[PDB]
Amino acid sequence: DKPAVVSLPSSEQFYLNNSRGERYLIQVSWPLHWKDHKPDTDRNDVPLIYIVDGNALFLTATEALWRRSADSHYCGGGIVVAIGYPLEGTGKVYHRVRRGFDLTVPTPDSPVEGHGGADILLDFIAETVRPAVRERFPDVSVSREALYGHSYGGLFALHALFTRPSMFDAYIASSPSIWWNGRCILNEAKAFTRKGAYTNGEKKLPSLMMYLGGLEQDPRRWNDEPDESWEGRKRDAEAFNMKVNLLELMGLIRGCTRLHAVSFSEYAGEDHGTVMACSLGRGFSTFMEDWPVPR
């Protein structure tokens, strides 16, 4: 009768190593109504979502999927793949150094120490993670794949789109850190747009879905917050320019024929942290239920 450990059903985790021998925690979850890994119905082709910063978002994505089974608009199923780090007994949900490297953009013209490991991570997902996850579901077809990331994760998702647009069907960038390294992601966006009237018209174009907390660009003052702290947060907001930078990015890629659709929605009253659950839930359900997103 005594208190017990909380163990999840319809989920599992395992460790994979990248080319460098760096260890990743892969956490996988799937619908509760499935019997083992096998779909309970003929509905056996389902969307799959990859989530970077896996340790911070796995449970949120998993429970969102499970709750969605009760909704009328339920697509019938989905698979969650959280790409995280070994943080057992650290008391942390982020690996600062690893994610710093893994999620930031390579700049070979001017290298940045401890950063620019996105291509190594993308290689790892394509070569190792994806096949390993498919091995787990022999009786499942995967209809489409989404990449979700928040902050540096969002920057990573934008990099993936602008350098490997055929790798995923959906790129979900929550509060993307477009500020990073002199806004060097805007260079990749410009190069992407710089690259079919006489073609047969057959293409497989990705969609970009972006989100932001309203309090990021426009913070609200806290209770009994000193003038020094308040002014500081207003300057940080200006420095990061989360909304300004996102609007500029959308300006660059608007009408780009290499893109199917670009969506953006802002959550009023949500901050950089609180928006994470909102954007992941909204993006994942859109990807599951309302695909494709209209032009």
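Numbers for residues come from their place in the sequence shown, where the first is 1.
- Missing deposited residues between residue 195 and residue 196: 4 to 9, all without coordinates in the entry.
- Stretch comparison (273-281 versus 18-26) by mean CA B-factor in the PDB entry places 18-26 on top.
- The PDB entry reports B-factors from which the mean C-alpha value can be compared for 147-155 and 68-76; the larger average falls on 68-76.
- Out of 171, 211, 137, 179, the entry records its largest CA B-factor for 137.
- Residue-level temperature factors show residue 50 in the lowest third of its chain, judged at the C-alpha atom.
- When the modelled residues of the chain are ordered by C-alpha B-factor, residue 41 sits in the highest third.
- When the modelled residues of the chain are ordered by their C-alpha B factor, residue 225 lands in the highest third.
- When all modelled residues of the chain are sorted by CA temperature factor, residue 121 is found within the middle third.
- In the PDB entry, a CA B factor belonging to the highest third of its chain's modelled residues is recorded for residue 34.
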